[PDB]
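> Before I ask anything, let me first share the structure, which is written out below as structure tokens.
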Amino acid sequence: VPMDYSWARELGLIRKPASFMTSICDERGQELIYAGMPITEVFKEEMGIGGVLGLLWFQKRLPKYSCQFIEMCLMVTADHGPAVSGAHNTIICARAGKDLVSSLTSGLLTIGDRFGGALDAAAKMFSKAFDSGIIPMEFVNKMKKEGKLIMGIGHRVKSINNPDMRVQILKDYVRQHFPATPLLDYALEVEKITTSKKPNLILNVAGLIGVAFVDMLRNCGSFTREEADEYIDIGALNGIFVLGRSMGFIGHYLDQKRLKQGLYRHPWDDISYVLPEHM
Amino acid sequence: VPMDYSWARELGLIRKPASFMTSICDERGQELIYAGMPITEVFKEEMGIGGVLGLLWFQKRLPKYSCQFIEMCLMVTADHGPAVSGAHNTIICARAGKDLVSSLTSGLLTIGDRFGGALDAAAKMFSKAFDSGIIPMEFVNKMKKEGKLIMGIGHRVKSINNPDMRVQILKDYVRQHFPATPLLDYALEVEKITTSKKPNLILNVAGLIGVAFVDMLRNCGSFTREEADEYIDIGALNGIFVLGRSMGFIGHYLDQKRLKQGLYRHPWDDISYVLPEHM
Amino acid sequence: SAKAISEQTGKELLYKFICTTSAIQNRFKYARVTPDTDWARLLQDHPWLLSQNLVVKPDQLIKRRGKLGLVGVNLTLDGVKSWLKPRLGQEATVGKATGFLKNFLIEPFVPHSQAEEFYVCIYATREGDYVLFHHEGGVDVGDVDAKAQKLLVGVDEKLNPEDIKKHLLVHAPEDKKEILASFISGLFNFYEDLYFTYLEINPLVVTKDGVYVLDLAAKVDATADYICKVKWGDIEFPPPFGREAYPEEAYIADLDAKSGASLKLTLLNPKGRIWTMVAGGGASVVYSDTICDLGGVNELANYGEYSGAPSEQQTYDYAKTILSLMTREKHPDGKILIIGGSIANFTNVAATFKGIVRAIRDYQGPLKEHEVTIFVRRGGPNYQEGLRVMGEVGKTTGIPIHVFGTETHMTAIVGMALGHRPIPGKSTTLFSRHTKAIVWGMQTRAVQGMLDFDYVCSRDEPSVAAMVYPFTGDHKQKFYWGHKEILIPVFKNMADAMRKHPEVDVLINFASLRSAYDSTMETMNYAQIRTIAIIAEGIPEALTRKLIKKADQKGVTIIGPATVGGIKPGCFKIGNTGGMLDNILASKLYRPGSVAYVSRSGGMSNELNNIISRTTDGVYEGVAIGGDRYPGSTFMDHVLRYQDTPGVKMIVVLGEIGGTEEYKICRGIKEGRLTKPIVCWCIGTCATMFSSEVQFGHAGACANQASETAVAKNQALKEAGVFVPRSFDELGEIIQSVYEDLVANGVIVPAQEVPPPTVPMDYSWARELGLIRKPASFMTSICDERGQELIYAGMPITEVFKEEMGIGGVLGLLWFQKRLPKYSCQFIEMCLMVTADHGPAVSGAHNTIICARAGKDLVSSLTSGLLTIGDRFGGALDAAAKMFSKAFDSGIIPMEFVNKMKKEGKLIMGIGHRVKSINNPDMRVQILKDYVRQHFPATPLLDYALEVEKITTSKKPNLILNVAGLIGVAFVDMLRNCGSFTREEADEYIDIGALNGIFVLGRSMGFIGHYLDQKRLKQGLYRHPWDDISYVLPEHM
Amino acid sequence: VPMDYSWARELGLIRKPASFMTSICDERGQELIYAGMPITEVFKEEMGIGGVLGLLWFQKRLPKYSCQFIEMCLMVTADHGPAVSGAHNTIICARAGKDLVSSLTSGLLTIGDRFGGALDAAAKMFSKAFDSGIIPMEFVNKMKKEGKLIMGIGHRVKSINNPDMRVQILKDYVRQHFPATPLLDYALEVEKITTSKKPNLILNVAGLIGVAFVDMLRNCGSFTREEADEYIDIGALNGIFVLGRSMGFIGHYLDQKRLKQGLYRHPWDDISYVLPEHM
Ligand SMILES: CC(=O)SCCNC(=O)CCNC(=O)[C@H](O)C(C)(C)COP(=O)(O)OP(=O)(O)OC[C@H]1O[C@@H](n2cnc3c(N)ncnc32)[C@H](O)[C@@H]1OP(=O)(O)O
Ligand SMILES: CC(=O)SCCNC(=O)CCNC(=O)[C@H](O)C(C)(C)COP(=O)(O)OP(=O)(O)OC[C@H]1O[C@@H](n2cnc3c(N)ncnc32)[C@H](O)[C@@H]1OP(=O)(O)O
Ligand SMILES: CC(=O)SCCNC(=O)CCNC(=O)[C@H](O)C(C)(C)COP(=O)(O)OP(=O)(O)OC[C@H]1O[C@@H](n2cnc3c(N)ncnc32)[C@H](O)[C@@H]1OP(=O)(O)O
Ligand SMILES: O=C([O-])CC(=O)C(=O)O
Ligand SMILES: O=C([O-])CC(=O)C(=O)O
């Protein structure tokens, strides 16, 4: 009878390398641990979604204002109606009678450059401009001469004297709670220049969240500059938008299943057919 | 120094249970093997996609007519235009500039009961009717009194003197090549009864493919009745539709990328907003 | 627009920025005294006041100060002290203007002789900058244009130090020729790099010590603010003497500078009872002339205009500013608000009138108590909706509002408001039917209007061949050719567009003022483009002169900036000219006529379109050359074209105040070059009746001399033989009389009226009119993105945050459309917190980690993990809730439920743990259970599940309530025991999968954390080891 | 009563732009049309999966050898065992009892740069080298000096005297049937240089398929150079790999459901836990 692998490991007789590494959650043991913190201690220390997210995404005990800011970001990105690409896809999959997971996933797969990536894009653009040391006017001119529109700038209806009211809540929280907001100040200077061009070139929710998240990361004491830069590069802000919008997509799925909408077919009048004469 | 796991396994001193089982493909070894059959021999037997699918899905060497019929089924399910739910979702995800895999997956997640499940549904319905021993008229009456529509029956415009033209090719192939078609004959009797009701209640491409696939499975010598029943139960026909329509979904993605279509946002005039007064 | 700056500001800029080898004296050595200044403070911040003698003169843009006794010389500190108060803060009358003395300047006295009184002036012209120098300057300068040395410096030409001693310094003293020339060169550099348009130093004194600038009058191109921002700093533009500045004027000026639209407001008489809301500079000018033609000049309160398609918000801000200004004092006779305008070309009348009516609703109180009567005349895009909403506000507020449309002559609401009428080389042919244009910028509405015009004109091909937009990649844009759908290419670069479309001969530049110069300069590098239309307003005059010089060199016709463009009925239309297709059909601009016109204004050009269509055969060609000081092409440039064009039979010129341009037409008629009948009216006659120097909306609308007044121009044209109406009222009649007398002689043979091709109505317009019915394909009840504020299930987002709900409250709103209690929202949050992650070994976390190590993506990795959420993994929440709800609703006791599940071969969902049984519980079940038992009002299903747990643990210890079981039963309890849901609603939510949603949303946090962890650790591609896979392939299939 | 939108469109009284464009399939009409070509004629010309794929992906009537080569590419990319990332994910999702679509989709979402993207990577890399005009030795040295491995080069065990036997089949077909193989000849020259280094750097199946697909696109008469370049840029080879491996992923799902494997949990001994001491 051959030696039992588990019982050989128990005596430490053999060496089998572990193929996986994790640092965010320990399920083994008498107590569940979130990045070194017991779940009961998680609940006595009175964090919520923001604190749990800080533990699970950054392995940090964020300050209460940081945790609350993360919560508000999730609340403001929760939904933006059924007409966007992801909500449209989720509704189509729900009306196909498919599944909650399948419908939400179908909607989420649209999250990318054109839809839902402006948070990360604005964060990266403003961070690069701030770190290069160029002044906001030079940054605006450089984007204009490079044929690029500033990510996180520009609104559809709302302008100066017609505040977004989602940007205002987050901005007011950031000014009254964050210790320092250098990148937010830089982005506000850029916004002043762009609104001097045409009124609706205001800081978006995407731009506000991106710059405020970068400011939180590199101005709260939990992260070094390298850590904050790495998290921005690997996509913590993409994760923020995805987690926020999943709430709205699940709401849309539940809405369609309660309304008991049937299978959707796109009308032919809305499709232009440009097939070749004969291939 | 503790003993090496791999080298202790080579000496056969320890026992570690394998957590996975597979029977369709052997990647290791001098030659790639598809269900016991070398890849060079796969190409020497001049089989194609249908034969490779037979190997990889059923671990069987199907006859040439069976493999050719599988190929024709994939050919006829390849696409049905951009208005269906899956193609719509794929096009939305492509116009969001996302990715080929993400776009195709977004479209594929709609494949289920209401869209793309009629193949399996019709196969199961007709198999159950044929196995229960009831005549086609009794089957029609039982479905009528149970408040269920016969899946795989009923077209939109093409009824008679103008058939599906996709049902016709497949039915002609099955007639000329399949040895016996008991469930197909049963489905055709059901179709005669339903067309005696109103002309457009004809055997759909979904119904024809489902009944002909059950016929191929349980009338070619490769499978026993239990095996054919198990394959129908676990979803070989869902697999057939998914694989066939993947070709069309990828074509739709490539078409949108070539046409360079921008981000789609659903018009507000097409959405009815029925939010509550204040919640 | 050239704005005069104060002497202090000009001297400060000169001292700060001039670069001369000459030792400029008294640098930053001047004193400003005002009534609100402290003399001790000035004495201790400017000590030279005691060091030398003084000179004092006001700095309120008063000229001729020497001979009106406003300047005091050779008087000390005590002298200026005794000298100011008898004049400081007093009343002075210069010309027709009178005003206070709130600003004075004190400078050192310069001891100088009459032999060193020099005059140096630099002023801008179309062909360049003229530099005048006089050796006998000062008071005795006399005539300057005939006795002072003149020297033109052309556009893009440097004023070299030589040729100044040759042309400008013939009579200069030899001992001071060199330093004088150096100073003049430095002064020209100062003039050119700070975008001065006028710079007169009189007198200039140069002693052995150095050069003294005793005085200077300077006008600066205010539109160049975006260029000279750091050099000007906070440059201020004083109002003309006799006018006091107002915060409302400053607010409107800031609003105007903040956008590409035009917003002008000038307060002439705050006590006046006539107020105007006129769209368009030319329309505002003609309304002003009409008001002062009926004797309302004394009661005219403001001159104002809004142009450039202002937004709803901008129009609201403008309207509310004027409404607040109108509701300050009270007039016994009441007050009048003239909301006028021409027929707009592209200004959204609906949006602008929505802004105005919002302001009217906001001020309906003071407006009603002020007896304000509103007269409205307007036409343009969507004017029916705007007239409708203003009429509605007129009754929903009580304000007497009389709205009229195009059928009114637009100089009629003035008559019925003031109580006078009852209230009811360069080519000749720029465009043809084969003209192809390239549009710079995304102007899809403008391009579509162009295509609609081409279709109703029976053109073979669309007039727009390509579009250029540098902020996107090359693609094809979808447009309408009648009812057919066509694709128009869009290019990132000019070069690609001109490469692929060599047949294009016209550019329509929709670039802003900051991009128009560069785009036009780049455009004139292609010889195929023969006409460029520049739409942007606010381009600096120096840049426009550069464009003019290059276009003249290249033989390219430029339809000057700040123009709507032009229209040639039957052949071609520039941009938004002529408005939308309904106006094109109303003015019959799809077919040629015989009257060609040139105008400065665009809206006035649409008015001309309407008038000519009504009174004559029609329009052959109409060009608006723009309101800028230097148009790309002038009046004569187009009148010559029309005279040389055989299809036109009479010419209509709509001139303006300022610029001796109509005198060229007079000379052309005198020399016999112009022979066809010409009908001209020059607008701006009210400036002669205004006791001030008000600047109109147009940049060029400024009478610099006495011959550039509109009255003088109209008189000169009348003596030249041009048919000149008595006013803009009689323009239609004189055009009609000329057309009739030209028809009766057989000169004009009107053609048959062939009906135009029909264009289908737009779907959006038909929906707005409620003409058609299209069922909505989608239904939503959870979020309303449209509107001013985002709404989550009927409750605004600001209210969401003010009520202090968090994720739990937002989730209640978005998932159930209920305002859940605080404990319910908090419990939802804790459920999400406890389902957040359970390590990397579960199926979903494993799949997510695999996809992350495949280097894939956050969304793809999370989605790969989420697709495992189902029956075997992640579905125990819903399964336990459904099982326990069914058992509890069946009425069977927990023991019966346990026996039943045992006899059906089913394990109880949500029962059974791995290690933690009793005396050591889950520590997650405990937290949630303690919260539920402390905050939930009633927990019947939780009590039932606890009884079931008591039996299962009577069987074996680890059969305890799981986190899944406890969350399921507690969620059902919350749904059906908080007051928000009925039993049917709670059952439906449980059936459709709210608990599946809870688990999915909770575990998404852990899956994203796992993805980020793998990316931080930089784990490579995973491959499952072969020793862990059992291969059971058949022997040979 | 307002006019019906469909009635107003039929009368041509209103204009509503179509928000979607398609050029690959016409579902409306008496017959289904694949890129301008009727389905009955599709089956009459005796093309199969390869011809249908040519129609749906490129809107071209490819030559018979091109269609057959596309079929062989799909056949050789069908499966490579259960150990790869996508098959592993599919097997996990199937053992979670989930669904065919969900399981296949879970496996497919791994298709990207590290897994399954070598086809497109090799095609793009060799195309750039061939178009730049540098000789194979210069290309090899250039990739060496930029510290990049040549995509499509390098095998695990099979180098010479025992080649891949999939590369051999595809290469023999390409040599016998393709009119010209310039990029293939270039890649074989590169492979000779790399095998002069040590034998195991041979032309991979990924490299062979990439270069042979580029050769087919730009050497069959159906495409111009711009068209072939655009198709390679937008991801026809990614589509080829995805469609080929979907058959293997569905086979793996069906295999797991036939073997009735339970829920998988990764062993704790294979995971290294590196959580922080206390966050
Ligand atoms: C997530 C965020 O907060 S923003 C995300 C993007 N972030 C960026 O900053 C991207 C960079 N910035 C930009 O490119 C631009 O400034 C934009 C796109 C953000 C600004 O958008 P705009 O082009 O001004 O307007 P948008 O394209 O959203 O709206 C199109 C028009 O159709 C209308 N419209 C919008 N959605 C719909 C709909 N579903 N149905 C019908 N009409 C609609 C709107 O009224 C709008 O009209 P208007 O803009 O002329 O008033
Ligand atoms: C898609 C394709 O065709 S390959 C991708 C193409 N990309 C490129 O070609 C880019 C450049 N090429 C490369 O990166 C490299 O040449 C590779 C990765 C393709 C070749 O890698 P190699 O290190 O030569 O082989 P690989 O990493 O696949 O396998 C290494 C060894 O592990 C063994 N092995 C492979 N998979 C497993 C498994 N699941 N369990 C246990 N052992 C395994 C192999 O037998 C091989 O054995 P050896 O030690 O006797 O050589
Ligand atoms: C979401 C939830 O709350 S769980 C789902 C709830 N659903 C139900 O309640 C359904 C009914 N209940 C049941 O089916 C059962 O009671 C279960 C599955 C919940 C409990 O099953 P058990 O057999 O007690 O434990 P489980 O199957 O989890 O694993 C048992 C052993 O595997 C070991 N194990 C678990 N995970 C791993 C891993 N990743 N690696 C190695 N070993 C492991 C444990 O150490 C345990 O050993 P022990 O029993 O000697 O301590
Ligand atoms: O094929 C049909 O007729 C039904 C259909 O649109 C699809 O599900 O593909
Ligand atoms: O939470 C548990 O105990 C069971 C588990 O692993 C999961 O589904 O996440």
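Residues in the structure tokens are named by chain (A, B, ... in the order shown) and by number from 1 within that chain; ligands are numbered from 1 in the order shown.
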Counting only C-alpha atoms and all ligand atoms, what are the residues, protein, DNA or RNA alike, that approach ligand 4 to within 6 Å? I want them as a ChimeraX atom specification.
/B:80,84,115-116
> Using only N, CA and C atoms, please write the residues we just selected to a file, as a PDB file, in the first residue's frame.

```
ATOM      1  N   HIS B  80     -29.091  33.932 -37.763  1.00  0.00           N
ATOM      2  CA  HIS B  80     -30.440  34.318 -38.155  1.00  0.00           C
ATOM      3  C   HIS B  80     -30.634  35.821 -38.015  1.00  0.00           C
ATOM      4  N   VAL B  84     -32.282  39.064 -33.307  1.00  0.00           N
ATOM      5  CA  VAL B  84     -32.503  38.172 -32.173  1.00  0.00           C
ATOM      6  C   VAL B  84     -31.723  38.663 -30.958  1.00  0.00           C
ATOM      7  N   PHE B 115     -34.859  31.856 -25.990  1.00  0.00           N
ATOM      8  CA  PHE B 115     -34.062  32.009 -27.200  1.00  0.00           C
ATOM      9  C   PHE B 115     -33.051  30.877 -27.274  1.00  0.00           C
ATOM     10  N   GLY B 116     -33.106  30.106 -28.353  1.00  0.00           N
ATOM     11  CA  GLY B 116     -32.112  29.097 -28.624  1.00  0.00           C
ATOM     12  C   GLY B 116     -32.320  27.758 -27.952  1.00  0.00           C
TER      13      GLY B 116
END
```
> Check every protein, DNA and RNA residue against ligand 1, keep those with an atom at most 8 Å away (counting only C-alpha atoms and all ligand atoms), and present them as a ChimeraX atom specification.
/A:83-84,115-119,122,149-157,200-201,203-207 /B:265-269 /C:786
> Pull out every residue of chain C that has at least one atom within 8 Å of chain D, counting only C-alpha atoms, and report them as number ranges by chain.
C: 480, 483, 485, 760-764, 766, 770-774, 840-843, 846-847, 850-851, 854-856, 860-861, 863-865, 867-873, 1021-1026, 1029
> Please identify every residue of chain A that has at least one atom no more than 7 Å from any atom of chain D, counting only C-alpha atoms, and report them as a compact mmCIF listing (two decimals) with N, CA and C atoms, in the first residue's frame.

```txt
# COMPACT_ATOMS: atom_id res chain seq x y z
N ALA A 18 2.77 24.60 -3.53
CA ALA A 18 1.43 25.14 -3.71
C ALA A 18 1.35 25.93 -5.00
N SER A 19 0.33 25.66 -5.81
CA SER A 19 0.19 26.35 -7.08
C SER A 19 -0.52 27.69 -6.97
N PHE A 20 -1.09 28.01 -5.82
CA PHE A 20 -1.89 29.22 -5.68
C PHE A 20 -1.44 30.00 -4.46
N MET A 21 -1.55 31.32 -4.56
CA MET A 21 -1.24 32.21 -3.45
C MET A 21 -2.39 33.18 -3.28
N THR A 22 -2.73 33.48 -2.03
CA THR A 22 -3.80 34.41 -1.72
C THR A 22 -3.40 35.22 -0.50
N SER A 23 -3.90 36.45 -0.43
CA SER A 23 -3.58 37.31 0.71
C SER A 23 -4.77 38.11 1.23
N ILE A 24 -5.99 37.82 0.80
CA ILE A 24 -7.12 38.68 1.13
C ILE A 24 -8.08 38.06 2.13
N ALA A 35 -8.26 39.69 5.35
CA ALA A 35 -6.96 40.35 5.25
C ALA A 35 -6.34 40.59 6.62
N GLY A 36 -6.33 39.55 7.44
CA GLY A 36 -5.75 39.63 8.76
C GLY A 36 -6.69 40.08 9.87
N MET A 37 -7.94 40.38 9.56
CA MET A 37 -8.88 40.88 10.56
C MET A 37 -10.04 39.91 10.72
N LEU A 55 -10.38 46.23 3.18
CA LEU A 55 -9.67 45.03 3.58
C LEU A 55 -9.47 44.08 2.40
N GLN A 59 -5.98 45.20 1.41
CA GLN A 59 -5.39 44.68 2.64
C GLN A 59 -4.99 45.80 3.58
N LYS A 60 -5.84 46.82 3.66
CA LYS A 60 -5.60 47.98 4.50
C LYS A 60 -6.81 48.25 5.38
N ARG A 61 -6.53 48.77 6.57
CA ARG A 61 -7.55 49.34 7.46
C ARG A 61 -7.67 50.82 7.11
N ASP A 269 -37.15 47.70 -38.87
CA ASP A 269 -37.03 49.09 -39.28
C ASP A 269 -35.89 49.84 -38.64
N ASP A 270 -35.34 49.30 -37.59
CA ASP A 270 -34.25 49.95 -36.95
C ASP A 270 -32.92 49.41 -37.36
N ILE A 271 -32.91 48.46 -38.26
CA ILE A 271 -31.70 47.91 -38.74
C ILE A 271 -31.49 48.21 -40.19
N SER A 272 -30.33 48.71 -40.53
CA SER A 272 -29.97 48.96 -41.92
C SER A 272 -29.18 47.77 -42.43
N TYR A 273 -29.69 47.12 -43.47
CA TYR A 273 -29.06 45.94 -44.04
C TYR A 273 -28.23 46.36 -45.25
N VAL A 274 -26.92 46.12 -45.20
CA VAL A 274 -26.01 46.55 -46.25
C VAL A 274 -25.24 45.35 -46.79
N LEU A 275 -25.92 44.22 -46.94
CA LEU A 275 -25.30 43.01 -47.45
C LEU A 275 -24.80 43.22 -48.88
N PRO A 276 -23.78 42.48 -49.30
CA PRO A 276 -23.32 42.55 -50.69
C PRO A 276 -24.35 41.98 -51.65
N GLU A 277 -24.18 42.33 -52.93
CA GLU A 277 -25.13 41.87 -53.95
C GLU A 277 -25.16 40.35 -54.04
N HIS A 278 -23.98 39.73 -54.09
CA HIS A 278 -23.87 38.27 -54.05
C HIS A 278 -22.43 37.93 -53.69
N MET A 279 -22.22 37.39 -52.49
CA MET A 279 -20.89 36.92 -52.11
C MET A 279 -20.83 35.41 -52.28
```
> I need the strand (DSSP E or B) residues of range 1-205 of chain A per DSSP on the backbone, written as a list in words.
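In range 1-205 of chain A, DSSP puts these residues in strand (DSSP E or B): residues 3, 4, 14, 15, 20, 21, 22, 25, 26, 33, 34, 37, 38, 153, 159, 162 and 203 of chain A.
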